[PDB]
Protein chains: 8
Amino acid sequence: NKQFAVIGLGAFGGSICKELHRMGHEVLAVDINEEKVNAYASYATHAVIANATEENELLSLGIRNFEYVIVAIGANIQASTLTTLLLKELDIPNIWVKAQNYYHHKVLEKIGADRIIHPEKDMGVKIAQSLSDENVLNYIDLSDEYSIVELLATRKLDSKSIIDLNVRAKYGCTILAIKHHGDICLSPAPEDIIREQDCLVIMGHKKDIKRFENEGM
Amino acid sequence: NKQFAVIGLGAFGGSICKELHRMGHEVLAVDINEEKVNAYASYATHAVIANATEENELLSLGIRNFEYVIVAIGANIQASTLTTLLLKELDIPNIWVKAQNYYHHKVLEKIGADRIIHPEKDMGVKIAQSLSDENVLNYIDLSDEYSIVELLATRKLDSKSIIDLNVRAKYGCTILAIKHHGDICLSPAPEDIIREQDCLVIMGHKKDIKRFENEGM
Amino acid sequence: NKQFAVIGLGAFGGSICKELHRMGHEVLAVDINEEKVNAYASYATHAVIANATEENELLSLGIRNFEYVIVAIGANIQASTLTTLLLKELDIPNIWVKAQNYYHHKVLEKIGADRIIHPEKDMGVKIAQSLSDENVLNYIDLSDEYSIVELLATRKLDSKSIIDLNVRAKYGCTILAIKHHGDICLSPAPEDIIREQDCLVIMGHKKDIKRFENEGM
Amino acid sequence: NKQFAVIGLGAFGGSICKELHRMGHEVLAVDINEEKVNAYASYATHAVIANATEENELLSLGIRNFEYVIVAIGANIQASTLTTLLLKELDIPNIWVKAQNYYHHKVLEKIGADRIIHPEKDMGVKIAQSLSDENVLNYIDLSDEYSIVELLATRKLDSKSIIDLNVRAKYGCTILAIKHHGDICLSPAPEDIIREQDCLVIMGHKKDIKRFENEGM
Amino acid sequence: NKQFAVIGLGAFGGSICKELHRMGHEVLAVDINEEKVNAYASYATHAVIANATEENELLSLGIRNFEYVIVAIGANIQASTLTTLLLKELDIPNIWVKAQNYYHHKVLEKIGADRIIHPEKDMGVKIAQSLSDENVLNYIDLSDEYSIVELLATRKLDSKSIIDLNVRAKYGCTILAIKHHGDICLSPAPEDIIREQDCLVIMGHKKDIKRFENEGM
Amino acid sequence: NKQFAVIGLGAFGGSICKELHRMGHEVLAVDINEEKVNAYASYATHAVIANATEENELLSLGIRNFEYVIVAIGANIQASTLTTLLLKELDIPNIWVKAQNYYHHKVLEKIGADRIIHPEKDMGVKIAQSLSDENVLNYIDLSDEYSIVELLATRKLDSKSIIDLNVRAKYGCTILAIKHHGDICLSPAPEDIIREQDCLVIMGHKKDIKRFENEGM
Amino acid sequence: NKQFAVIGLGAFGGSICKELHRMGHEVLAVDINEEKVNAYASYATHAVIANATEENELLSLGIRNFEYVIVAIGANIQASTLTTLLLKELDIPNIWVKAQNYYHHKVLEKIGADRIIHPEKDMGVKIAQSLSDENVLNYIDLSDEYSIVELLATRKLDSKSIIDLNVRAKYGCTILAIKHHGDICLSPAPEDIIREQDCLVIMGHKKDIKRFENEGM
Amino acid sequence: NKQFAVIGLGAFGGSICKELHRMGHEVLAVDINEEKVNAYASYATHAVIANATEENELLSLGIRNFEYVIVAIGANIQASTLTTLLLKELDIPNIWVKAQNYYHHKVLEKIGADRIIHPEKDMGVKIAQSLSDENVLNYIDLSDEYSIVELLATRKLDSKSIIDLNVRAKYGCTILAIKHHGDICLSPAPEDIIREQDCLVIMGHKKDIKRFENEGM
Ligand SMILES: Nc1ncnc2c1ncn2[C@@H]1O[C@H](COP(=O)(O)OP(=O)(O)O)[C@@H](O)[C@H]1O
Ligand SMILES: Nc1ncnc2c1ncn2[C@@H]1O[C@H](COP(=O)(O)OP(=O)(O)O)[C@@H](O)[C@H]1O
Ligand SMILES: Nc1ncnc2c1ncn2[C@@H]1O[C@H](COP(=O)(O)OP(=O)(O)O)[C@@H](O)[C@H]1O
Ligand SMILES: Nc1ncnc2c1ncn2[C@@H]1O[C@H](COP(=O)(O)OP(=O)(O)O)[C@@H](O)[C@H]1O
Ligand SMILES: Nc1ncnc2c1ncn2[C@@H]1O[C@H](COP(=O)(O)OP(=O)(O)O)[C@@H](O)[C@H]1O
Ligand SMILES: Nc1ncnc2c1ncn2[C@@H]1O[C@H](COP(=O)(O)OP(=O)(O)O)[C@@H](O)[C@H]1O
Ligand SMILES: Nc1ncnc2c1ncn2[C@@H]1O[C@H](COP(=O)(O)OP(=O)(O)O)[C@@H](O)[C@H]1O
Ligand SMILES: Nc1ncnc2c1ncn2[C@@H]1O[C@H](COP(=O)(O)OP(=O)(O)O)[C@@H](O)[C@H]1O
């Protein structure tokens with residue numbers, strides 16, 4: 001199929017490897033810590049102990065063959081950078097690297113990392129958003145101004161109909177889904193009822209959704 | 001306004017604190033490492049050096065007053081657990097804790113954490129999804145089976161109309177938005193055109209979306 | 001049989017282990033400090049060097065088999081707590097833990113310690129009672145108001161009879177025992193004599209006993 | 001009234017100071033740790049930050065005036081010893097010192113401590129006694145053979161009368177008190193009932209009390 | 001004249017700054033360690049305490065104005081790299097950086113350092129050359145095979161003439177200079193004499209010079 | 001051949017060892033840091049982990065046999081000094097030591113170091129000279145005033161003859177060599193041509209060479 | 001012969017052990033630092049690694065057998081004291097202990113040390129005496145008034161005879177020895193000569209010797 | 001009078017300063033530890049806090065004026081060495097330095113210390129001498145082989161005459177003095193009696209004196 005190499009079996013890298021393996025892709029789990037290799041042996045096609053900063057070991061892995069290599073080392077800046085550089089000189093098509101801080105991001109950028117990810121920082125922003133607003137369970141930003149939001153229904157919304165809560169005209173937003181006791185309603189008709197503590201999926205402008213949260217719920 | 005306490009200024013905690021501070025909330029950044037306290041001094045209301053496992057220090061912080069306390073320590077399990085337990089005993093309303101593994105999740109659960117977050121595991125699943133399918137930019141899971149997906153349009157989709165790509169009947173999914181050159185089209189009509197390299201927002205069953213990805217694009 | 005495990009060979013734990021061993025019970029003395037293990041090797045059935053916060057070591061001890069486990073670590077709160085949690089998850093019937101302060105007591109309480117002991121605090125109250133009243137050698141409180149007290153006889157009590165010192169009617173208290181030159185008299189008859197420097201065991205109300213001490217001796 | 005000096009506000013010293021202050025005695029709480037002084041300022045007449053090993057500070061406290069000085073430092077042997085020596089040379093009438101081990105006890109003995117206390121060791125013996133016999137809540141030893149014991153009543157004792165349980169004749173021991181739901185009965189008459197889970201106060205020979213526990217409850 | 005910025009007043013950087021200042025150039029000596037700034041205050045035009053990794057401080061220095069900026073930080077890789085990057089984004093014409101190891105050299109190379117110097121490594125090669133051959137005081141390599149060498153004259157060369165030591169025909173090398181007691185003779189005539197302990201400057205092939213060293217001196 | 005001992009595998013020492021090994025000399029690489037020993041194992045005859053300040057280890061190395069011992073420790077003054085002294089008492093013929101500062105130089109001098117080297121300071125002077133004058137590729141100073149300089153030819157020198165550029169009479173300097181495309185011309189005749197970007201080797205007075213650089217190129 | 005135990009191989013203890021071993025006595029060198037044990041292995045009968053504060057180790061050494069035990073630990077007061085006490089309870093005949101300060105001296109005294117030595121303080125007094133008076137090289141006091149003094153001969157004494165310097169009649173003192181260029185003359189005859197810079201050994205009254213120093217030399 | 005500088009108020013240095021001050025000499029007590037300066041303030045002319053390794057502080061002390069400077073730092077080799085070097089370059093007439101080990105002695109020697117003292121080692125030799133022989137009270141070594149010894153007389157010597165104990169012919173040694181009940185006899189005649197427990201002063205060869213101790217007493 002496609003070939004993925006995950007170097008550094010941290011929580012993030014480990015998750016990548018485990019999930020990718022669940023999808024049934026060829027995943028090479030590389031790790032200098034023996035116990036990590038032993039841990040993810042069940043969760044990979046091939047799990048190898050290797051020092052990814054050592055070039056001959058990287059050649060012994062045959063890493064050139066892989067379409068995607070992911071450097072999930074985000075504590076040891078030197079190791080991460082060095083590995084990324086090695087892979088770049090080894091002409092890897094796609095090099096995705098976990099970064100720790102803005103400047104490690106910078107050096108990764110300059111040595112030509114293809115995609116740089118800050119999992120903790122991002123997820124942190126998300127959890128902070130959920131923290132300031134207990135009503136937002138999840139969301140996705142379509143753009144700087146437009147977004148789809150998942151909301152936890154309050155008492156103000158109990159036994160209310162979609163036609164009763166006219167979001168399409170009053171707030172310019174559109175409701176997409178209602179999740180009640182695990183049961184799910186996609187693109188629901190105006191007659192449908194929303195009961196409290198249910199999942200509500202609205203779509204529109206950020207400020208408009210905020211407005212609806214304010215006066216509506 | 002609201003009062004937030006962020007204990008452990010890692011990348012995740014640090015991000016929470018920084019972002020929350022950008023929102024203009026009262027954020028107490030707590031950290032046993034002095035340099036971390038000095039680092040996020042600009043991005044908090046009050047930045048304090050404290051051993052969160054040492055309780056008298058926790059009383060010296062006056063943490064009982066806070067509505068939300070975030071334990072963003074995810075490497076030192078013992079520290080995290082001890083701190084969370086301490087906060088629970090101090091009758092803190094909302095305790096959100098970062099977990100490292102399933103078992104740390106378990107002990108947090110049993111000592112009554114209010115919300116447990118796995119930033120790296122989740123983000124890992126997301127990036128893995130993006131890895132197996134270069135065409136998925138982002139997504140949100142409504143449930144175990146149902147999801148809203150953001151797609152990168154290929155050449156197979158160029159100059160194709162929404163009525164041409166009948167997703168609502170052929171695949172049971174519904175298109176929600178089209179992003180073309182930064183311009184944005186919300187809940188578009190069947191006459192609208194999709195050009196390649198544009199953002200496409202589909203909604204439906206996971207397997208169905210996969211189907212459409214397979215035969216459609 | 002019943003097997004007792006004493007983790008932490010301090011003065012308190014060490015005393016427990018030594019005394020229990022003198023009683024002829026099967027006692028496992030656990031200690032991360034080698035010299036402590038070597039110290040109490042003579043006073044236990046099995047003395048083992050182990051890190052009780054490390055789960056695999058706790059399994060290597062086979063601690064699950066034990067009816068009673070005593071955590072006598074009272075300086076290192078973190079260690080104590082982690083250990084107690086470990087034992088609880090390992091379904092130990094009776095977990096008795098030494099505590100340092102009110103809140104360490106609390107955290108032990110929430111993670112389900114079966115009995116929490118404050119040796120220094122208690123003993124402190126007792127010695128303080130002995131300090132404010134030079135006459136009291138020892139005592140036991142039956143309740144908030146009622147108590148049995150051991151008293152050191154002064155010259156005021158020399159050659160005095162029980163009927164002479166009518167405590168049962170004049171002070172509402174009752175004399176229980178007289179210890180003279182090591183010889184012992186239990187529940188003595190009214191004809192019996194009390195000589196100075198002897199042990200006197202009175203029983204009654206605290207304030208009443210104080211009265212008898214005041215006007216009597 | 002009387003003047004007490006408590007040096008070292010640990011759990012033991014702290015307890016002494018707090019309790020003595022509750023009795024309304026003049027207690028000087030001395031401590032090199034500022035936070036401890038701040039902690040027990042409410043529970044002493046004068047709470048001072050001082051290094052008790054430094055002689056000029058000890059004169060600055062005016063410790064010569066005190067009838068009783070208590071050295072409650074039991075971890076730092078050198079500090080305890082040095083302090084005790086200082087107090088001895090300053091002709092203090094009564095010097096009571098907390099000890100850690102047998103040899104610290106020895107050096108305290110040799111430099112002329114007036115009373116040496118091992119709170120943890122003693123309390124440890126007591127709790128161990130309570131461990132080998134679940135029925136004993138508390139006790140006091142009148143001598144090597146004779147003792148007064150507090151017992152937790154089992155189902156075997158429920159709804160039983162004092163005359164029914166003839167301890168004075170069958171076992172040579174005498175019942176002193178019965179505590180039922182917090183209510184208290186001192187030196188109860190033979191008609192009185194003992195209900196389960198109540199506190200029972202027996203007095204007699206150790207082996208005899210053991211006998212009564214064996215066949216009786 | 002020209003404007004030089006020396007960041008990091010180590011031995012190497014300090015030497016650069018001092019020497020440059022002796023030549024009468026405008027040299028800005030920058031250093032986060034105050035005592036270093038105080039040390040080279042006499043040997044610079046402007047000596048400033050600054051964190052060169054902090055951008056606003058770098059603007060406060062007005063570093064954009066300088067033609068040459070020298071990063072003489074070679075122990076703290078992160079600091080060096082970071083500074084170099086900052087300078088690069090600020091469009092500095094010439095950035096010369098001291099490197100520690102091959103990989104620090106690599107990252108400097110990739111973030112676009114203009115000249116990278118390894119003082120210890122080079123000087124090391126030179127001193128090693130002097131070690132294997134006690135006769136060489138100094139030298140310069142014209143190419144892989146051809147070189148000009150400074151030699152310490154031995155007794156075999158004492159009172160010997162240039163025509164006596166026919167290097168131009170016997171060894172294919174040419175003598176360039178003779179230094180006697182500080183006095184100096186450039187391109188000396190064949191009648192000229194060489195005395196021991198004098199500086200002799202020969203020019204030719206490496207192996208040929210070695211030959212002359214072998215049989216000649 | 002000859003035997004060299006390199007103690008302290010820094011950049012300087014490491015360079016010495018590597019270069020000497022390239023020359024094919026017997027080099028003992030000594031280092032207290034295991035990873036350094038492992039690093040230069042390929043670049044030495046024998047690479048040993050040793051604390052050079054410990055005498056018995058120094059005898060275990062058999063360092064007395066070596067003609068040359070190099071102390072390349074330049075951060076840890078005490079280590080360097082102690083080691084050098086050790087070697088001196090062991091009657092080592094030649095002890096060359098890396099120095100950090102003027103006073104470390106002094107103590108090395110007083111304990112009888114045979115040659116003391118300051119690589120960073122020297123090389124620093126050189127780089128400073130190259131900094132104030134961008135034109136010089138390399139050089140060697142014969143004395144305070146007289147020098148041989150290697151110059152990079154500009155367009156002003158293209159297609160010019162040696163007789164055309166009369167340096168011997170107009171500037172009192174003499175051209176020694178011309179390097180064109182790797183090809184090399186030693187002591188060239190006046191008919192020879194200099195093409196731009198070639199290496200030019202001039203010899204004479206510093207100020208005179210400066211003059212020639214100014215008006216000539 | 002006799003058996004000596006030297007605990008603590010410092011400079012003082014080490015000197016004791018080495019010297020005693022040179023005399024050919026059975027010396028047990030005990031030390032918790034392995035390297036010290038390895039150091040004095042050549043200079044003892046048996047050199048053992050042991051923690052002298054640990055009683056079971058002290059029994060493992062078989063220290064009860066020894067006539068003399070020397071505690072040469074003078075930095076670690078607690079170790080010294082604890083050890084000394086240990087030896088005392090083990091009924092050691094002679095316990096000689098090195099002391100640090102007056103109070104450590106006190107506690108050693110009180111726990112029954114047989115001889116307490118202050119090497120640095122004493123030797124300090126001596127060197128101070130030599131400092132205030134350059135003429136005295138060494139001396140021994142026979143009593144408060146009478147003494148034997150070693151003097152450095154000055155120029156006033158050069159080429160002078162014993163009969164010339166009539167000390168027995170003019171100064172009431174008697175010359176005992178003359179040391180010239182290492183050669184030694186015991187109880188020299190009146191014809192004997194004193195040369196400058198030689199060692200002169202006078203005997204008599206202190207004030208008389210001072211007198212001779214004044215008027216004679 | 002004369003001016004002494006004592007740098008480093010240890011036990012040895014402190015002793016020097018105190019004793020010298022008792023003699024009434026001008027003593028400058030220098031110490032980087034403030035508490036030491038405060039301790040010996042009563043026992044010096046001027047007691048100053050100074051870092052003796054810092055040259056400007058040494059000039060601030062005005063140390064050039066002093067005839068004698070004593071470096072009594074014997075734990076911190078670097079401090080001692082650096083200071084000694086500083087004093088030497090400042091041309092102090094007499095520099096006496098305390099040494100720790102043979103190599104520190106060496107570096108002191110090489111940087112030109114005037115007198116080097118090993119108090120612990122020496123005093124150690126003395127105490128060892130007293131240990132192997134309980135009879136020797138004091139002594140002075142004239143040379144490696146020759147010595148004057150003070151001896152405690154045993155019962156073997158009681159009521160014995162000098163002519164009876166013919167040491168001058170039988171052992172080649174000479175008796176110099178007899179101290180009886182505080183009374184003193186200098187250079188006693190052969191008729192004089194020696195009684196036990198008296199001080200006996202013999203002079204001669206070491207082995208010979210040992211011989212006399214063996215067969216005589
Ligand atoms: N030089 C290297 N070569 C190969 N793997 C490395 C190297 N350095 C680090 N790693 C890998 O990184 C992993 C540790 O990552 P971790 O420290 O857990 O990240 P985080 O601290 O962000 O959780 C280890 O399993 C190790 O295999
Ligand atoms: N017991 C504790 N008390 C207070 N702060 C702590 C404690 N343990 C860890 N921390 C803080 O947590 C931070 C480390 O978080 P980090 O390990 O970076 O999270 P992650 O591994 O998810 O990136 C440190 O800055 C440290 O100060
Ligand atoms: N993580 C741990 N695992 C095992 N034992 C521990 C741990 N932490 C502490 N201990 C035990 O506690 C013992 C000492 O307790 P101590 O500090 O003396 O209590 P206190 O200070 O109250 O006297 C040590 O000997 C050690 O074995
Ligand atoms: N030199 C000293 N002078 C005054 N107080 C001291 C000194 N040394 C220790 N202490 C006191 O001892 C107390 C700590 O005792 P602690 O270590 O808790 O005993 P334990 O560990 O046996 O419970 C501190 O409050 C401190 O003030
Ligand atoms: N970010 C920075 N900004 C300014 N100066 C710095 C920075 N980082 C390091 N320095 C300076 O560099 C110097 C250290 O250089 P050094 O480590 O001695 O080089 P080397 O190890 O090559 O001798 C310090 O004096 C410090 O002031
Ligand atoms: N006691 C010692 N014995 C032997 N080698 C030592 C000792 N102390 C330091 N070294 C050597 O010094 C080297 C480190 O020098 P380094 O700190 O890199 O100097 P700098 O910091 O000036 O570059 C190490 O390779 C180590 O082997
Ligand atoms: N309890 C102990 N048992 C055995 N050896 C000890 C003990 N305590 C200290 N020592 C030894 O004493 C030596 C240290 O003496 P040191 O501190 O150098 O004396 P000083 O400070 O007077 O020079 C060490 O080698 C150590 O091994
Ligand atoms: N560089 C220095 N300048 C001034 N005083 C110093 C310096 N280094 C050490 N000292 C002083 O020397 C004293 C330590 O002597 P110490 O180590 O007790 O000698 P010893 O080890 O022989 O007992 C300390 O009081 C300290 O203040």
# chains A, B, ... in the order shown; residues from 1 in each chain; ligands from 1

call {"tool": "residues_near_ligand", "arguments": {"ligand": "ligand 4", "cutoff": "7 Å", "atoms": "only C-alpha atoms and all ligand atoms", "output": "ChimeraX atom specification"}}
result
/C:75 /D:7-11,30-33,36,50-53,72-76,79,100

call {"tool": "write_last_selection", "arguments": {"atoms": "N, CA, C and O atoms", "output": "mmCIF file, in the first residue's frame"}}
result
data_model
loop_
_atom_site.group_PDB
_atom_site.id
_atom_site.type_symbol
_atom_site.label_atom_id
_atom_site.label_comp_id
_atom_site.auth_asym_id
_atom_site.auth_seq_id
_atom_site.Cartn_x
_atom_site.Cartn_y
_atom_site.Cartn_z
ATOM 1 N N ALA C 75 7.032 11.060 56.370
ATOM 2 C CA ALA C 75 7.760 12.253 55.957
ATOM 3 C C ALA C 75 7.561 12.499 54.470
ATOM 4 O O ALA C 75 7.300 13.624 54.042
ATOM 5 N N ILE D 7 10.437 24.101 71.400
ATOM 6 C CA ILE D 7 11.358 24.314 70.291
ATOM 7 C C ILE D 7 11.226 23.223 69.234
ATOM 8 O O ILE D 7 11.496 22.052 69.499
ATOM 9 N N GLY D 8 10.810 23.616 68.035
ATOM 10 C CA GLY D 8 10.619 22.671 66.950
ATOM 11 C C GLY D 8 9.154 22.335 66.771
ATOM 12 O O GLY D 8 8.623 21.450 67.439
ATOM 13 N N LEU D 9 8.495 23.046 65.864
ATOM 14 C CA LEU D 9 7.062 22.873 65.664
ATOM 15 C C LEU D 9 6.741 21.800 64.631
ATOM 16 O O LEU D 9 6.140 22.080 63.593
ATOM 17 N N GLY D 10 7.148 20.568 64.920
ATOM 18 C CA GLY D 10 6.769 19.430 64.105
ATOM 19 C C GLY D 10 5.325 19.056 64.379
ATOM 20 O O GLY D 10 4.534 19.889 64.819
ATOM 21 N N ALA D 11 4.972 17.802 64.124
ATOM 22 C CA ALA D 11 3.638 17.329 64.465
ATOM 23 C C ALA D 11 3.533 17.138 65.974
ATOM 24 O O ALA D 11 2.523 17.483 66.589
ATOM 25 N N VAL D 30 9.003 28.152 69.362
ATOM 26 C CA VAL D 30 10.233 28.558 68.692
ATOM 27 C C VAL D 30 10.464 27.700 67.457
ATOM 28 O O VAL D 30 10.288 26.483 67.507
ATOM 29 N N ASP D 31 10.861 28.322 66.349
ATOM 30 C CA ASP D 31 11.035 27.568 65.110
ATOM 31 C C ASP D 31 11.911 28.288 64.082
ATOM 32 O O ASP D 31 11.714 29.469 63.817
ATOM 33 N N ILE D 32 12.872 27.573 63.503
ATOM 34 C CA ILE D 32 13.763 28.174 62.511
ATOM 35 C C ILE D 32 13.053 28.354 61.167
ATOM 36 O O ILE D 32 13.404 29.240 60.388
ATOM 37 N N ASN D 33 12.060 27.511 60.895
ATOM 38 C CA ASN D 33 11.247 27.654 59.692
ATOM 39 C C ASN D 33 10.160 28.702 59.900
ATOM 40 O O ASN D 33 9.266 28.522 60.727
ATOM 41 N N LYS D 36 6.447 27.766 59.793
ATOM 42 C CA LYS D 36 5.957 27.044 60.961
ATOM 43 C C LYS D 36 5.516 28.013 62.047
ATOM 44 O O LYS D 36 4.476 27.820 62.676
ATOM 45 N N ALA D 50 13.651 31.392 65.338
ATOM 46 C CA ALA D 50 14.967 31.351 65.965
ATOM 47 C C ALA D 50 15.726 30.062 65.666
ATOM 48 O O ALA D 50 15.136 28.986 65.565
ATOM 49 N N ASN D 51 17.041 30.187 65.526
ATOM 50 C CA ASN D 51 17.928 29.034 65.436
ATOM 51 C C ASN D 51 18.368 28.634 66.841
ATOM 52 O O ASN D 51 19.253 29.260 67.424
ATOM 53 N N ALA D 52 17.746 27.590 67.379
ATOM 54 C CA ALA D 52 17.935 27.210 68.775
ATOM 55 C C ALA D 52 19.336 26.686 69.078
ATOM 56 O O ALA D 52 19.697 26.510 70.242
ATOM 57 N N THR D 53 20.125 26.443 68.037
ATOM 58 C CA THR D 53 21.504 26.007 68.220
ATOM 59 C C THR D 53 22.426 27.207 68.392
ATOM 60 O O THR D 53 23.555 27.073 68.862
ATOM 61 N N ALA D 72 11.517 19.532 70.524
ATOM 62 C CA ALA D 72 10.732 18.642 69.680
ATOM 63 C C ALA D 72 11.358 18.451 68.302
ATOM 64 O O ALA D 72 10.652 18.246 67.315
ATOM 65 N N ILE D 73 12.682 18.525 68.239
ATOM 66 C CA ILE D 73 13.399 18.215 67.009
ATOM 67 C C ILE D 73 13.870 16.768 67.072
ATOM 68 O O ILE D 73 14.698 16.415 67.913
ATOM 69 N N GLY D 74 13.347 15.931 66.181
ATOM 70 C CA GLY D 74 13.605 14.505 66.253
ATOM 71 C C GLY D 74 14.130 13.886 64.973
ATOM 72 O O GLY D 74 14.315 12.674 64.898
ATOM 73 N N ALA D 75 14.364 14.714 63.961
ATOM 74 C CA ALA D 75 14.992 14.244 62.732
ATOM 75 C C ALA D 75 16.454 14.663 62.695
ATOM 76 O O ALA D 75 17.335 13.868 62.365
ATOM 77 N N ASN D 76 16.700 15.922 63.036
ATOM 78 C CA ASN D 76 18.046 16.474 63.037
ATOM 79 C C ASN D 76 18.716 16.242 64.390
ATOM 80 O O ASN D 76 18.636 17.086 65.282
ATOM 81 N N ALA D 79 21.079 19.026 65.711
ATOM 82 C CA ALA D 79 20.344 20.192 66.181
ATOM 83 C C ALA D 79 19.777 19.954 67.576
ATOM 84 O O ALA D 79 19.994 20.754 68.487
ATOM 85 N N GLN D 100 14.966 10.217 68.341
ATOM 86 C CA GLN D 100 14.760 9.472 67.106
ATOM 87 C C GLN D 100 15.106 7.997 67.278
ATOM 88 O O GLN D 100 14.296 7.121 66.977
#

call {"tool": "residues_around", "arguments": {"residues": "residue 114 (chain B)", "least_positions_apart": "2", "cutoff": "6 Å", "atoms": "only C-alpha atoms", "output": "PyMOL selection string"}}
result
chain B and resi 94-96

call {"tool": "interface_residues", "arguments": {"of": "chain G", "to": "chain F", "cutoff": "12 Å", "atoms": "only C-alpha atoms", "output": "NGL selection string"}}
result
:G and (35 or 38-39)

call {"tool": "write_last_selection", "arguments": {"atoms": "N, CA and C atoms", "output": "JSON list (two decimals), in the first residue's frame"}}
result
[["chain", "number", "residue", "atom", "x", "y", "z"],
["G", 35, "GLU", "N", 37.60, 4.24, 47.85],
["G", 35, "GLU", "CA", 38.88, 4.71, 47.31],
["G", 35, "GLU", "C", 39.93, 4.95, 48.39],
["G", 38, "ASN", "N", 41.20, 1.56, 49.31],
["G", 38, "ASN", "CA", 42.13, 1.17, 48.26],
["G", 38, "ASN", "C", 43.45, 1.93, 48.36],
["G", 39, "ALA", "N", 43.39, 3.14, 48.89],
["G", 39, "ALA", "CA", 44.58, 3.99, 48.99],
["G", 39, "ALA", "C", 45.54, 3.51, 50.07]]

call {"tool": "atom_distance", "arguments": {"atom1": "CA of residue 69 (chain E)", "atom2": "CA of residue 78 (chain A)"}}
result
24.8 Å

call {"tool": "atom_distance", "arguments": {"atom1": "CA of residue 121 (chain E)", "atom2": "CA of residue 67 (chain E)"}}
result
27.1 Å

call {"tool": "atom_distance", "arguments": {"atom1": "CA of residue 85 (chain B)", "atom2": "CA of residue 82 (chain C)"}}
result
11.2 Å

call {"tool": "residues_around", "arguments": {"residues": "residue 3 (chain B)", "least_positions_apart": "4", "cutoff": "9 Å", "atoms": "only C-alpha atoms", "output": "list in words"}}
result
residues 25, 26, 27, 28, 65, 66, 67, 68 and 69 of chain B

call {"tool": "write_last_selection", "arguments": {"atoms": "C-alpha atoms", "output": "short mmCIF file (atom, residue, chain, number, x, y, z; two decimals), in the first residue's frame"}}
result
data_model
loop_
_atom_site.label_atom_id
_atom_site.label_comp_id
_atom_site.auth_asym_id
_atom_site.auth_seq_id
_atom_site.Cartn_x
_atom_site.Cartn_y
_atom_site.Cartn_z
CA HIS B 25 -9.42 35.64 31.22
CA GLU B 26 -7.83 35.63 34.67
CA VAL B 27 -5.21 32.89 34.36
CA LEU B 28 -2.89 31.75 37.15
CA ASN B 65 -11.14 30.36 44.86
CA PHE B 66 -10.75 29.09 41.31
CA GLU B 67 -13.64 27.73 39.25
CA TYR B 68 -11.34 25.79 36.93
CA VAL B 69 -7.99 24.16 37.67
#

call {"tool": "residues_around", "arguments": {"residues": "residue 176 (chain D)", "least_positions_apart": "4", "cutoff": "9 Å", "atoms": "only C-alpha atoms", "output": "VMD selection string"}}
result
(chain C and resid 203) or (chain D and resid 148 185 to 188 200 to 203)

call {"tool": "select_by_dssp", "arguments": {"residues": "region 44-177 of chain A", "states": "strand (DSSP E)", "output": "ChimeraX atom specification"}}
result
/A:46-49,68-71,94-98,115-117,136-141,146-152,160-161,174-177
